[PDB]
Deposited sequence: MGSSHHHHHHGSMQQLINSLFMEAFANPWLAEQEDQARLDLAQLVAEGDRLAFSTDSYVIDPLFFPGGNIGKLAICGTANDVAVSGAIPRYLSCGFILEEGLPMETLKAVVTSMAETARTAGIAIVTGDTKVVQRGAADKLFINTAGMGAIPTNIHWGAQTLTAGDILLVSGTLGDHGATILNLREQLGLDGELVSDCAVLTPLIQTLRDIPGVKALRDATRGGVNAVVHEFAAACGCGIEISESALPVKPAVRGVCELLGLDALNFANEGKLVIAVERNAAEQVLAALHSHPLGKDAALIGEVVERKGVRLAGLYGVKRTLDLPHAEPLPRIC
């Protein structure tokens, strides 16, 4: 039972680093790419496991790879921890692991170490995955929210809330997830000097990222409600539940802060890549502290982080 499941992982993720108790990585290689090591981890508990536009496996690579890539580092090595409910169909596990392998393979990421734990029926819901990941940040890239000052422009790299809306629609039964590895989109920005901060916008959406930006740099942020790009179908969920696309989780979207003079250059670079096409300016960094949303007639109102807890297991 165990080394049958264990056999699938070795087979699927086969690489020189997997072939004892840990992986062993060339450190000189890393230092030659950059002075800092980006290191991130995420758990994935998405219900259901498969959905329009992806699955838990692809998601598990994407999310962690993105958390690394957003620093400017190219993700290189990934760890992978599985928790399985006993009696999970092999067909399901196989398709999950396959998607993980091919997603990592396409992104040039090696899954270098791992673990598998099996619990009894009812102790876990089907399958949970943890991944941790790393890359070297190049010495000359200095992306961080602490660097933001009044005048900086906020951009978003595509429509807001596709993923959350897609999972909400499936589970409440009323749309395609954007789930993607963002490293190719991000490297387009690598050469552009006016880029100042980059975040992906998962749990808590761009609302959370924007409040995090404001607290990191000690400046206010003002956002134009009508400038928010939202697909009609996502707008549909918004109309029906009153929820805010600013709060929905995204699995392939960036929030980017740039020097004012560089907004056009950055947008045009975003628009020239497939991931990509729906990028938009949405707001700016201002002197007056706090996060505000501009509505009808240019009225600026405090944007609060949501009261209520989101539907569980959207990621």
Problem - Unmodelled intervals of the deposited chain, in order - result: 1 to 12, 32 to 33, 189 to 193
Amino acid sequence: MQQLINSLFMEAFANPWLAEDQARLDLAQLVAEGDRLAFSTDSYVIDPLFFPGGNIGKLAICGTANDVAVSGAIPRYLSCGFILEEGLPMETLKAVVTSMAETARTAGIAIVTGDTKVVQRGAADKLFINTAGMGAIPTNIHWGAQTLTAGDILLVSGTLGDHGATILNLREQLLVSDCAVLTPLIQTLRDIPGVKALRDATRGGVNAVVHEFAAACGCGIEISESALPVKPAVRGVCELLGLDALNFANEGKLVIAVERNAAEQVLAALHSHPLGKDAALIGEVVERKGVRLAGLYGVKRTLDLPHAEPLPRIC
From here on, numbers count along this sequence of modelled residues.
Completion exercise
Looking only at C-alpha temperature factors in the entry, 113 to 121 or 165 to 173, the higher average sits in 165 to 173
Fill in the blank from the handout: Once average C-alpha B-factors are taken from the entry for 132 to 140 and 183 to 191, the winner is 183 to 191
Completion exercise
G57: CA temperature factor from the record, placed by chain third, in the lowest
Handout entry: Where the record places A208 (Cα B-factor, split into thirds across the chain)
Key = lowest
Practice task
Taking the values exactly as deposited, rank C217 by C-alpha B-factor within its chain and report the matching third: lowest, middle or highest.
Solution key: highest
Fill in the blank from the handout: By the entry's values, the third containing the CA B factor of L241 is the highest
Handout entry: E264, C-alpha B-factor rank within chain (lowest, middle or highest third)
Key = middle
